[PDB]
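Novice: This is the structure I want to talk about, given as structure tokens.
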Amino acid sequence: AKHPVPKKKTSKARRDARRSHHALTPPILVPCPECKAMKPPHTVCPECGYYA
Amino acid sequence: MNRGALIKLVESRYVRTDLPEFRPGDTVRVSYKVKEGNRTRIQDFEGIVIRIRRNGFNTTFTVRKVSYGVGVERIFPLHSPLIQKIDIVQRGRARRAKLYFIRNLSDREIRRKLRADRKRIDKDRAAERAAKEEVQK
Amino acid sequence: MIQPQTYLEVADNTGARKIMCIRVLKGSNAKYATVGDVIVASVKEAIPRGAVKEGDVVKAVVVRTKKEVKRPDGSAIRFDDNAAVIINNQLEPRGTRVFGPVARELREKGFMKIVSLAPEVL
Amino acid sequence: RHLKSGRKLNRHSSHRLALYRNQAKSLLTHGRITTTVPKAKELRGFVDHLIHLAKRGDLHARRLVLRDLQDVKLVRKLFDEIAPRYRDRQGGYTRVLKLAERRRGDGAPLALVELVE
Amino acid sequence: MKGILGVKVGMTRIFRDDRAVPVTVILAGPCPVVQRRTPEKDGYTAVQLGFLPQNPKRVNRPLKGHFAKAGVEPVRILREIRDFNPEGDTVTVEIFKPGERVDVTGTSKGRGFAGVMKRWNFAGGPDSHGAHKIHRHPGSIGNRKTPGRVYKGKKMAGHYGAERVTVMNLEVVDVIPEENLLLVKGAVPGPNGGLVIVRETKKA
Amino acid sequence: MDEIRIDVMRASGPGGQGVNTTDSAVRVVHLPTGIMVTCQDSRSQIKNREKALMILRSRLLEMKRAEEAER
RNA sequence: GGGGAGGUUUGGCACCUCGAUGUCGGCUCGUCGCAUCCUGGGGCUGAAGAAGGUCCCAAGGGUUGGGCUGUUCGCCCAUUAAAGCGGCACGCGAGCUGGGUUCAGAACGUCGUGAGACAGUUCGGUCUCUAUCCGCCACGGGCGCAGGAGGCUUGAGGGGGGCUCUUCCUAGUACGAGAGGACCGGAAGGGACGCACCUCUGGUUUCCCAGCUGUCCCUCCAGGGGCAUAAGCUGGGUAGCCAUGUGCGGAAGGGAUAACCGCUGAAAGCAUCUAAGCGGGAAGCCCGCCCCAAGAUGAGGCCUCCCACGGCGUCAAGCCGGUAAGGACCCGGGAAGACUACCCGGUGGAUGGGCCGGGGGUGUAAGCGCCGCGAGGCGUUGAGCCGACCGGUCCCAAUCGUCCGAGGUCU
RNA sequence: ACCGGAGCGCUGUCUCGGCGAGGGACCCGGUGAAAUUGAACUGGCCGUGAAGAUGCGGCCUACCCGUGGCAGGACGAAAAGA
RNA sequence: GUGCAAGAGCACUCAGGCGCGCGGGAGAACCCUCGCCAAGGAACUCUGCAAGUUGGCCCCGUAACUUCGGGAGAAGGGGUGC
RNA sequence: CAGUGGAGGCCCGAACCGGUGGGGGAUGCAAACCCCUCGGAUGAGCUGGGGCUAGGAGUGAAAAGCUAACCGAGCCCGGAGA
Ligand SMILES: [Mg+2]
Ligand SMILES: [Mg+2]
Ligand SMILES: [Mg+2]
Ligand SMILES: [Mg+2]
Ligand SMILES: [Mg+2]
Ligand SMILES: [Mg+2]
Ligand SMILES: [Mg+2]
Ligand SMILES: [Mg+2]
Ligand SMILES: [Mg+2]
Ligand SMILES: [Mg+2]
Ligand SMILES: [Mg+2]
Ligand SMILES: [Mg+2]
Ligand SMILES: [Mg+2]
Ligand SMILES: [Mg+2]
Ligand SMILES: [Mg+2]
Ligand SMILES: [Mg+2]
Ligand SMILES: [Mg+2]
Ligand SMILES: [Mg+2]
Ligand SMILES: [Mg+2]
Ligand SMILES: [Mg+2]
Ligand SMILES: [Mg+2]
Ligand SMILES: [Mg+2]
Ligand SMILES: [Mg+2]
Ligand SMILES: [Mg+2]
Ligand SMILES: [Mg+2]
Ligand SMILES: [Mg+2]
Ligand SMILES: [Mg+2]
Ligand SMILES: [Mg+2]
Ligand SMILES: [Mg+2]
Ligand SMILES: [Mg+2]
Ligand SMILES: [Mg+2]
Ligand SMILES: [Mg+2]
Ligand SMILES: [Mg+2]
Ligand SMILES: [Mg+2]
Ligand SMILES: [Mg+2]
Ligand SMILES: [Mg+2]
Ligand SMILES: [Mg+2]
Ligand SMILES: [Mg+2]
Ligand SMILES: [Mg+2]
Ligand SMILES: [Mg+2]
Ligand SMILES: [Mg+2]
Ligand SMILES: [Mg+2]
Ligand SMILES: [Mg+2]
Ligand SMILES: [Mg+2]
Ligand SMILES: [Mg+2]
Ligand SMILES: [Mg+2]
Ligand SMILES: [Mg+2]
Ligand SMILES: [Mg+2]
Ligand SMILES: [Mg+2]
Ligand SMILES: [Mg+2]
Ligand SMILES: [Mg+2]
Ligand SMILES: [Mg+2]
């Protein structure tokens with residue numbers, strides 16, 4: 001409301017561009033020694049267990 | 001490369017062991033290789049130790065004394081080559097490391113505030129005169 | 001470190017007792033002044049009918065400082081108060097016997113007239 | 001910038017302090033305690049000290065651990081069962097394990113502080 | 001044009017003949033020549049100097065070939081030295097005689113996104129009478145409608161330090177070849193562990 | 001006129017946005033005697049310069065008439 | 001008495017802006033002009049020397065602290081090499097201040113019958129957390145660089161810096177009756193500033209150690225904890241981070257050149273530095289030193305490593321899985337860091353954590369013995385405790401694994 | 001708790017800043033506004049134009065998209081100028 | 001309730017009731033709130049604005065002036081635990 | 001003079017009442033708030049409940065202040081599509 005104010009309604013094109021790097025990234029997983037289930041690296045897991 | 005300490009310690013061959021012990025709260029006078037107009041001499045400095053800045057080598061220490069109404073303080077490097085002869089003169093109850101509180105009350109109260117560590121007194125006088133007799137015979 | 005408004009004690013018998021510095025005589029724009037440096041300074045108080053009176057603007061030279069002075073031989077030294085001696089433009093003390101110790105630095109400055117009178121040339 | 005120093009911690013002081021004491025207390029009680037990944041890592045070095053300290057014997061070392069752990073019975077349990085089990089096992093009296101779960105709402109990564117065995 | 005790689009090991013003070021002197025302790029280990037580039041093969045004279053030893057397994061890179069091209073133990077780091085073709089296969093602290101002054105280039109400490117007052121040593125603003133908002137601010141930055149922009153290279157808060165910096169004319173104090181150490185006139189860029197190069201100064 | 005410097009500057013007093021920009025404060029100074037006078041009691045800068053001088057003159061003139069009458 | 005320049009002042013028009021272009025000073029941050037205050041170079045002098053006057057060349061850098069007032073301005077104080085004048089909405093309030101001016105209250109003087117009024121004075125009086133675009137300072141992502149990849153570099157171009165004083169030697173000589181007092185060259189110390197560092201000096205060090213009051217508590221005595229801040233208070237403090245602390249820079253040297261001195265020399269038999277030509281000569285111009293830099297799409301260079309189509313495209317240009325060198329994800333962490341990026345390490349391991357030795361900080365723990373009616377003291381004791389700094393050791397944790405990624409156009 | 005002058009004491013008001021504490025800023029997960037807004041593909045200088053240019057002219061410069069931060073301009077917002 | 005001269009003040013604590021309806025990390029500039037500092041001590045600045053110095057109690061002592069009550073807590077100093 | 005006695009728009013200082021100076025807040029926690037500091041504190045004291053006074057009128061230790069969050073003449077309907 002005060003001093004900081006947008007001068008112009010940002011164009012739909014320019015807006016979408018900003019969200020360029022906005023895209024997510026898929027998580028990383030790996031097959032465990034127990035089940036074939038995909039555990040996240042350096043971790044245990046439910047319905048699988050672990051050792052030591 | 002795992003020798004970071006020894007490396008700095010190597011250069012530290014400028015060391016000296018001729019220097020006796022001394023902890024805060026005890027008077028001590030040092031001989032200093034002071035250069036006059038151009039020659040060289042030894043200015044003596046009688047005074048109590050206030051601080052000993054331990055830090056491996058280059059471990060400094062300070063001494064404060066009354067001098068014609070003015071209290072002067074001199075900080076000396078321990079392994080300083082210019083230090084001719086540091087001589088002990090009287091030791092007292094430390095009870096504290098850095099004792100600046102003397103600056104505030106330099107008076108007969110400082111005398112009764114800094115007792116006399118009879119423990120070190122004995123060990124000193126005893127080990128001095130006793131070790132003498134052993135070195136003699 | 002002595003600067004503009006700094007009060008200084010008087011070591012000599014010039015009759016003055018205390019003088020606030022007025023300006024440090026050195027570079028075009030010096031900031032501080034340790035032992036051995038000369039300064040302009042106003043006399044802020046003095047003994048009755050002394051050689052120099054209050055308000056008498058004077059040149060003087062530091063002789064003792066609260067801030068310790070570093071020695072090239074690693075050594076150091078520090079006094080209990082900041083004091084100085086009033087000087088002539090001939091750079092000689094307006095007074096005689098100057099009690100209270102002084103630094104060795106005064107020697108490398110050509111004020112041997114001071115160190116001679118000085119009892120404790122520490 | 002000035003992280004040249006040791007570790008990191010949240011909350012003020014008396015809080016974070018009592019925090020370590022709190023986690024160590026319950027950790028010496030149950031042995032296996034799940035908590036945030038960071039908290040665990042810091043709780044790691046704190047507990048091990050109490051353990052190796054209890055590995056000693058003299059009552060001085062006892063009262064020394066009494067400062068953090070307040071329950072006299074819990075410390076009594078440390079000098080009896082806990083300490084001997086880790087005899088000769090100089091250092092590493094505990095273990096930290098990353099969990100795959102994620103606390104709902106805050107998405108905090110979970111982990112485990114297991115008393116090695 | 002002498003030159004040699006090394007790492008800042010730390011610093012304390014020694015005693016010259018009777019006066020104290022702060023001095024930094026550099027470590028110029030044996031640096032094997034890796035490639036003497038002549039103007040023929042390239043377009044300028046220089047020499048690649050290796051340094052610390054390395055786990056041969058870590059250097060599985062084609063660097064293995066680059067090391068074999070001169071037949072040398074796999075080093076960790078290697079940099080050139082302009083206009084400098086020495087001798088033998090390795091440079092040493094023997095290159096520098098006590099008394100000679102040297103230029104030491106290094107990587108200053110990283111102070112990150114430092115404030116403007118921290119960076120260019122600005123003045124900030126009043127601490128009492130003025131608003132409690134601009135205590136450490138740069139205040140103004142420009143004029144009015146003219147120019148209406150900002151002078152490029154204007155001093156502003158940002159990432160600072162952690163960059164190539166070169167102190168100069170540091171006199172080489174006592175150099176001990178018995179351990180590959182090298183003392184200097186104290187102040188030297190980089191932390192205790194950084195890679196620093198030492199070259200010949202330009203007094204004349 | 002060669003031993004008289006005319007200084008100008010912002011006025012001192014009311015006037016609004018004008019008194020701020022539009023200076024119109026004039027101060028003169030007879031160099032050889034150091035003596036000086038100044039006026040600002042009028043919106044116009046020149047009107048002050050005129051008067052300020054007419055006074056500078058008369059004030060100086062009164063000194064000669066007195067110094068001479070002193071001899 | 002005459003002719004211009006400049007666009008800093010006052011003034012004259014009233015052309016954009018009254019559905020708003022915040023107005024004086026101060027602060028902060030500056031940049032640019034030269035008609036130059038200083039330093040550097042030079043002609044003339046009523047220039048002996050020194051010092052000075054005046055004019056010319058010259059922005060590279062420099063241009064102090066304080067008293068009075070809201071002041072700009074100005075006077076004064078101490079000093080200085082000098083304490084330059086101006087542009088930039090009289091730079092700068094979406095950066096600050098709000099003492100002034102310019103609302104409401106009050107008063108004096110003063111004008112008015114009055115309500116009221118004042119380039120007259122006086123006391124008081126709300127300064128608006130969120131930056132979309134350009135601009136600037138920093139840091140990433142994506143592609144491009146006609147093959148993929150790792151390591152090291154070239155420097156077109158751009159940036160930073162650039163100041164100066166004083167004492168001594170040559171020499172108390174040249175000059176001068178005397179007082180004074182040299183250029184030239186060399187040495188040394190200093191001020192302000194800038195870059196880097198923690199050895200020393202000295203700050204902080206938020207629980208590193210110790211002591212202390214009141215209170216509640218474990219457990220009655222000791223002993224210990226919580227709270228009294230977001231440390232309860234006090235005394236002291238490594239590492240780190242720091243200036244008051246240590247180190248180093250301005251240049252030297254090369255080249256062209258400014259005013260200016262000079263050589264040769266006409267037109268114009270003489271003469272002249274000039275029109276042909278040539279030499280000297282500024283803190284300034286180019287290079288030289290430090291930093292950035294191949295998005296230098298004009299994508300550079302050197303060293304080194306991998307290399308075949310295996311199935312579709314008749315052709316031109318492509319598509320798809322496995323791949324190689326090599327890269328990425330994940331993890332332990334880092335004087336690197338907002339996030340990201342950069343860097344080290346990942347069992348073939350000392351990366352962090354733990355433990356131990358050391359440095360360092362604190363300053364004689366606990367418990368028991370003894371002296372004293374007691375508060376206490378003494379011994380055991382430099383004990384006990386003990387973050388960051390230096391190093392050792394696989395007890396714990398960096399287990400295992402996965403994806404990407406040339407098969408390289410034409411003459 | 002009125003306005004002015006001076007002095008003593010004591011101090012980060014200042015020379016001149018430094019370090020540290022915590023609550024926000026920054027990263028991740030959850031929820032999720034506002035004023036404003038002709039349309040935008042929104043560079044610098046010198047001129048230029050109703051006289052202060054991203055948009056006209058000439059010239060120089062500049063791969064595409066962001067994140068953090070500063071406020072010079074968009075005669076920035078706000079209130080149909082007091 | 002205990003201690004501080006007393007007190008409904010302050011500190012901790014009974015009985016009782018709460019940890020305030022976004023959290024997790026990181027430990028940049030910058031802002032809020034806060035602690036500390038060498039040497040100097042108002043040079044800051046429109047003004048010591050802000051901050052800090054002093055502080056409770058007991059005893060000694062206390063000027064000009066005065067409407068004789070005051071000025072007085074003037075100022076200045078000593079004592080304070082067990 | 002001593003003792004007694006316990007007056008005061010007296011003093012110090014919480015509750016309570018009030019806002020001096022600074023800081024924060026400024027699409028706030030809040031259409032007047034928070035923190036530090038500061039005035040009165042047996043008196044023209046503060047406070048609850050019940051009552052009366054209103055628009056050119058009230059009330060006012062007097063500012064043109066207040067009279068239901070903007071009072072140099074309240075608010076709502078109407079003349080009124082002035
Ligand atoms: Mg003598
Ligand atoms: Mg670490
Ligand atoms: Mg530890
Ligand atoms: Mg408890
Ligand atoms: Mg504000
Ligand atoms: Mg502006
Ligand atoms: Mg008016
Ligand atoms: Mg008039
Ligand atoms: Mg007209
Ligand atoms: Mg308009
Ligand atoms: Mg001459
Ligand atoms: Mg001349
Ligand atoms: Mg010129
Ligand atoms: Mg004033
Ligand atoms: Mg200017
Ligand atoms: Mg202005
Ligand atoms: Mg403002
Ligand atoms: Mg005023
Ligand atoms: Mg006027
Ligand atoms: Mg006023
Ligand atoms: Mg006013
Ligand atoms: Mg752009
Ligand atoms: Mg270039
Ligand atoms: Mg470019
Ligand atoms: Mg007890
Ligand atoms: Mg306690
Ligand atoms: Mg409690
Ligand atoms: Mg300290
Ligand atoms: Mg500095
Ligand atoms: Mg030159
Ligand atoms: Mg490159
Ligand atoms: Mg004992
Ligand atoms: Mg007094
Ligand atoms: Mg764009
Ligand atoms: Mg154009
Ligand atoms: Mg974001
Ligand atoms: Mg209370
Ligand atoms: Mg201080
Ligand atoms: Mg001033
Ligand atoms: Mg106090
Ligand atoms: Mg007292
Ligand atoms: Mg009363
Ligand atoms: Mg009163
Ligand atoms: Mg009221
Ligand atoms: Mg405010
Ligand atoms: Mg107070
Ligand atoms: Mg009405
Ligand atoms: Mg009333
Ligand atoms: Mg009306
Ligand atoms: Mg109507
Ligand atoms: Mg109508
Ligand atoms: Mg009608």
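Residues are referred to by chain and number: the chain letter is A, B, ... according to the order shown in the structure tokens, the number counts from 1 in that chain, and ligands are numbered separately from 1 in the order shown.
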Could the residues that lie within 10 Å of ligand 28, counting only C-alpha atoms (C1' of nucleotides) and all ligand atoms, be listed as a ChimeraX atom specification?
Specialist: /G:203-205,235-237 /I:36-37
Novice: Could you give me, as an MDAnalysis selection string, the residues within 12 Å of residue 35 (chain H), counting only C-alpha atoms (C1' of nucleotides) and dropping anything in the same chain fewer than 6 positions from it?
Specialist: (chainID A and resid 1:7) or (chainID G and resid 130) or (chainID H and resid 77:78) or (chainID J and resid 27)
Novice: Neighbours of ligand 33 at 9 Å or closer, counting only C-alpha atoms (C1' of nucleotides) and all ligand atoms: which residues, as a list in words?
Specialist: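 These are the residues that qualify: residues 7, 8 and 9 of chain H; 75 and 76 of chain I.
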Novice: Please check the contacts: residues of chain E at most 12 Å away from chain I, using only C-alpha atoms (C1' of nucleotides), listed as a ChimeraX atom specification.
Specialist: /E:110-119,124-138,156-160
Novice: Using only C-alpha atoms (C1' of nucleotides), which protein or nucleic acid residues come within 9 Å of residue 3 (chain F)? Drop anything in the same chain fewer than 5 positions from it, and give the result as a ChimeraX atom specification.
Specialist: /F:29-32
Novice: Using only C-alpha atoms (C1' of nucleotides), select each residue of chain D with any atom at most 6 Å away from an atom of chain G, and give the selection as a VMD selection string.
Specialist: chain D and resid 2 4 to 6 60 89 to 92 95
Novice: Quick one: residues within 7 Å of region 80-89 of chain C, only C-alpha atoms (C1' of nucleotides), excluding same-chain residues fewer than 4 positions away - as JSON, numbers by chain?
Specialist: {"B": [70, 71, 72], "C": [8, 9, 10, 11, 12, 58, 59, 60, 61, 62, 63, 64, 65, 66, 93, 94]}
Novice: Could you pull out the strand (DSSP E) residues of region 23-75 of chain B, going by DSSP on the backbone, and write them as a PyMOL selection string?
Specialist: chain B and resi 27-32+43-53+60-67+70-75
Novice: Please save N, CA, C and O atoms of the selected residues as a compact mmCIF listing (two decimals), in the first residue's frame.
Specialist:
```txt
# COMPACT_ATOMS: atom_id res chain seq x y z
N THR B 27 56.23 -10.22 43.63
CA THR B 27 57.16 -9.22 43.11
C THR B 27 58.39 -9.88 42.49
O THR B 27 58.78 -10.99 42.86
N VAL B 28 59.00 -9.18 41.54
CA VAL B 28 60.14 -9.71 40.79
C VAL B 28 60.82 -8.60 40.00
O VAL B 28 60.15 -7.74 39.42
N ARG B 29 62.15 -8.62 39.97
CA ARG B 29 62.89 -7.63 39.20
C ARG B 29 63.64 -8.26 38.03
O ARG B 29 64.26 -9.31 38.17
N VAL B 30 63.57 -7.60 36.87
CA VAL B 30 64.21 -8.11 35.67
C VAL B 30 65.32 -7.19 35.19
O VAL B 30 65.22 -5.96 35.29
N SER B 31 66.40 -7.77 34.67
CA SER B 31 67.46 -7.00 34.04
C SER B 31 67.20 -6.94 32.54
O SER B 31 66.98 -7.97 31.91
N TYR B 32 67.24 -5.74 31.98
CA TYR B 32 66.91 -5.56 30.57
C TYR B 32 68.08 -4.95 29.81
O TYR B 32 68.70 -4.00 30.29
N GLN B 43 68.90 -1.93 32.51
CA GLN B 43 67.94 -1.27 33.39
C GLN B 43 67.16 -2.30 34.21
O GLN B 43 66.50 -3.18 33.66
N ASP B 44 67.26 -2.18 35.53
CA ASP B 44 66.54 -3.07 36.43
C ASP B 44 65.11 -2.56 36.62
O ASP B 44 64.85 -1.36 36.54
N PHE B 45 64.19 -3.48 36.88
CA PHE B 45 62.78 -3.13 37.03
C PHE B 45 62.12 -3.93 38.15
O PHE B 45 61.70 -5.07 37.95
N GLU B 46 62.03 -3.32 39.33
CA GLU B 46 61.44 -3.96 40.50
C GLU B 46 59.93 -3.74 40.53
O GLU B 46 59.47 -2.60 40.54
N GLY B 47 59.17 -4.83 40.57
CA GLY B 47 57.72 -4.71 40.59
C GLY B 47 56.96 -6.02 40.63
O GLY B 47 57.50 -7.09 40.33
N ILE B 48 55.68 -5.93 41.00
CA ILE B 48 54.81 -7.10 41.11
C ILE B 48 54.30 -7.55 39.74
O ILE B 48 54.08 -6.73 38.85
N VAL B 49 54.11 -8.86 39.58
CA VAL B 49 53.55 -9.41 38.36
C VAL B 49 52.02 -9.35 38.40
O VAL B 49 51.41 -9.79 39.38
N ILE B 50 51.42 -8.81 37.35
CA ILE B 50 49.97 -8.69 37.28
C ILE B 50 49.37 -9.73 36.34
O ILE B 50 48.32 -10.30 36.61
N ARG B 51 50.06 -9.97 35.23
CA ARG B 51 49.55 -10.86 34.20
C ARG B 51 50.65 -11.74 33.61
O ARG B 51 51.80 -11.33 33.52
N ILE B 52 50.27 -12.94 33.20
CA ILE B 52 51.15 -13.81 32.43
C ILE B 52 50.38 -14.40 31.26
O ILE B 52 49.63 -15.36 31.42
N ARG B 53 50.55 -13.80 30.09
CA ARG B 53 49.81 -14.19 28.90
C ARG B 53 50.41 -15.44 28.26
O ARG B 53 51.17 -15.35 27.29
N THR B 60 53.87 -13.60 26.80
CA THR B 60 54.25 -12.38 27.50
C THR B 60 53.85 -12.39 28.97
O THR B 60 53.27 -13.35 29.47
N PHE B 61 54.18 -11.30 29.66
CA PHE B 61 53.79 -11.11 31.06
C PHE B 61 54.03 -9.65 31.44
O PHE B 61 54.94 -9.01 30.94
N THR B 62 53.20 -9.13 32.34
CA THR B 62 53.28 -7.72 32.71
C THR B 62 53.74 -7.52 34.16
O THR B 62 53.62 -8.42 34.99
N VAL B 63 54.25 -6.33 34.44
CA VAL B 63 54.70 -5.98 35.78
C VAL B 63 54.36 -4.53 36.07
O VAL B 63 54.68 -3.64 35.29
N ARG B 64 53.70 -4.29 37.20
CA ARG B 64 53.34 -2.94 37.59
C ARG B 64 54.05 -2.55 38.88
O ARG B 64 54.24 -3.39 39.76
N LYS B 65 54.43 -1.28 38.98
CA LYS B 65 55.15 -0.80 40.15
C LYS B 65 54.91 0.68 40.35
O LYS B 65 54.60 1.41 39.41
N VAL B 66 55.04 1.12 41.60
CA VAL B 66 55.04 2.55 41.89
C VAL B 66 56.41 3.11 41.56
O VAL B 66 57.43 2.46 41.80
N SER B 67 56.44 4.32 41.01
CA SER B 67 57.69 4.95 40.63
C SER B 67 57.57 6.46 40.75
O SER B 67 57.13 7.13 39.82
N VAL B 70 54.06 7.70 40.33
CA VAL B 70 53.41 7.18 39.13
C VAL B 70 53.54 5.66 39.02
O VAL B 70 54.63 5.11 39.15
N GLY B 71 52.42 4.99 38.77
CA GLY B 71 52.41 3.55 38.58
C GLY B 71 52.68 3.16 37.14
O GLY B 71 51.86 3.42 36.25
N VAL B 72 53.82 2.54 36.90
CA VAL B 72 54.20 2.13 35.54
C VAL B 72 54.02 0.64 35.34
O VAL B 72 54.23 -0.16 36.25
N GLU B 73 53.63 0.26 34.12
CA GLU B 73 53.44 -1.15 33.78
C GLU B 73 54.29 -1.50 32.56
O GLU B 73 54.26 -0.78 31.56
N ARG B 74 55.03 -2.60 32.64
CA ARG B 74 55.86 -3.04 31.53
C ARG B 74 55.57 -4.48 31.15
O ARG B 74 55.66 -5.38 31.98
N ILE B 75 55.21 -4.69 29.89
CA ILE B 75 54.96 -6.04 29.39
C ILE B 75 56.22 -6.59 28.73
O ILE B 75 56.82 -5.93 27.88
```
Novice: Restrict the distance test to only C-alpha atoms (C1' of nucleotides), flag each residue of chain F within 12 Å of chain G, and return the flagged residues as a PyMOL selection string.
Specialist: chain F and resi 6-29+34-49
Novice: Taking only C-alpha atoms (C1' of nucleotides) and all ligand atoms and a cut-off of 12 Å, can you tell me which residues surround ligand 14, written as a list in words?
Specialist: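 If we count only C-alpha atoms (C1' of nucleotides) and all ligand atoms, the neighbours of ligand 14 turn out to be residues 26, 67, 68, 69, 70, 71 and 99 of chain G; 45, 46 and 47 of chain I.
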Novice: Which chain J residues have any atom within 12 Å of an atom of ligand 49, and for each, what is the nearest pair of atoms with distance in Å to one decimal, counting only C-alpha atoms (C1' of nucleotides) and all ligand atoms, rows sorted by chain and number, as CSV?
Specialist:
```
residue,atom,partner,partner_atom_place_in_ligand_line,distance
J:55,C1',ligand 49,1 (Mg),10.1
J:56,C1',ligand 49,1 (Mg),8.9
J:71,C1',ligand 49,1 (Mg),9.3
J:72,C1',ligand 49,1 (Mg),8.2
J:73,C1',ligand 49,1 (Mg),4.7
J:74,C1',ligand 49,1 (Mg),10.2
```
Novice: Around ligand 48, out to 10 Å and counting only C-alpha atoms (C1' of nucleotides) and all ligand atoms, which residues are there? I want them as a ChimeraX atom specification.
Specialist: /J:60-62,65
Novice: Output the selection as a PDB file, in the first residue's frame - N, CA and C atoms (P, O5', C5', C4', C3', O3' and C1' of nucleotides) for each residue.
Specialist:
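Okay, this is what ended up in again.pdb:
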```pdb
ATOM      1  P     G J  60     -20.319  23.341  32.389  1.00  0.00           P
ATOM      2  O5'   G J  60     -18.997  23.398  31.503  1.00  0.00           O
ATOM      3  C5'   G J  60     -17.973  22.425  31.648  1.00  0.00           C
ATOM      4  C4'   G J  60     -16.884  22.624  30.625  1.00  0.00           C
ATOM      5  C3'   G J  60     -16.075  23.909  30.742  1.00  0.00           C
ATOM      6  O3'   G J  60     -15.010  23.815  31.673  1.00  0.00           O
ATOM      7  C1'   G J  60     -16.765  23.604  28.496  1.00  0.00           C
ATOM      8  P     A J  61     -15.231  24.128  33.233  1.00  0.00           P
ATOM      9  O5'   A J  61     -13.821  24.677  33.700  1.00  0.00           O
ATOM     10  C5'   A J  61     -13.428  26.005  33.403  1.00  0.00           C
ATOM     11  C4'   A J  61     -11.932  26.141  33.497  1.00  0.00           C
ATOM     12  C3'   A J  61     -11.148  25.109  32.705  1.00  0.00           C
ATOM     13  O3'   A J  61     -10.977  25.536  31.365  1.00  0.00           O
ATOM     14  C1'   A J  61     -10.291  25.274  34.925  1.00  0.00           C
ATOM     15  P     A J  62     -10.368  24.649  30.174  1.00  0.00           P
ATOM     16  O5'   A J  62     -10.545  25.653  28.954  1.00  0.00           O
ATOM     17  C5'   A J  62      -9.824  25.523  27.731  1.00  0.00           C
ATOM     18  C4'   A J  62     -10.022  26.744  26.865  1.00  0.00           C
ATOM     19  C3'   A J  62      -9.382  28.017  27.409  1.00  0.00           C
ATOM     20  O3'   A J  62      -9.072  28.894  26.325  1.00  0.00           O
ATOM     21  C1'   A J  62     -11.735  28.267  27.392  1.00  0.00           C
ATOM     22  P     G J  65     -10.225  23.378  18.118  1.00  0.00           P
ATOM     23  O5'   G J  65     -10.164  22.140  19.115  1.00  0.00           O
ATOM     24  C5'   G J  65     -11.390  21.520  19.474  1.00  0.00           C
ATOM     25  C4'   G J  65     -11.395  21.003  20.890  1.00  0.00           C
ATOM     26  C3'   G J  65     -12.507  20.015  21.190  1.00  0.00           C
ATOM     27  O3'   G J  65     -12.201  18.708  20.740  1.00  0.00           O
ATOM     28  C1'   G J  65     -12.421  21.631  22.910  1.00  0.00           C
TER      29        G J  65
END
```
Novice: Write out as JSON, numbers by chain which residues come within 12 Å of residue 69 (chain I) when counting only C-alpha atoms (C1' of nucleotides), dropping same-chain ones fewer than 2 positions away.
Specialist: {"I": [66, 67, 71], "J": [8, 10]}
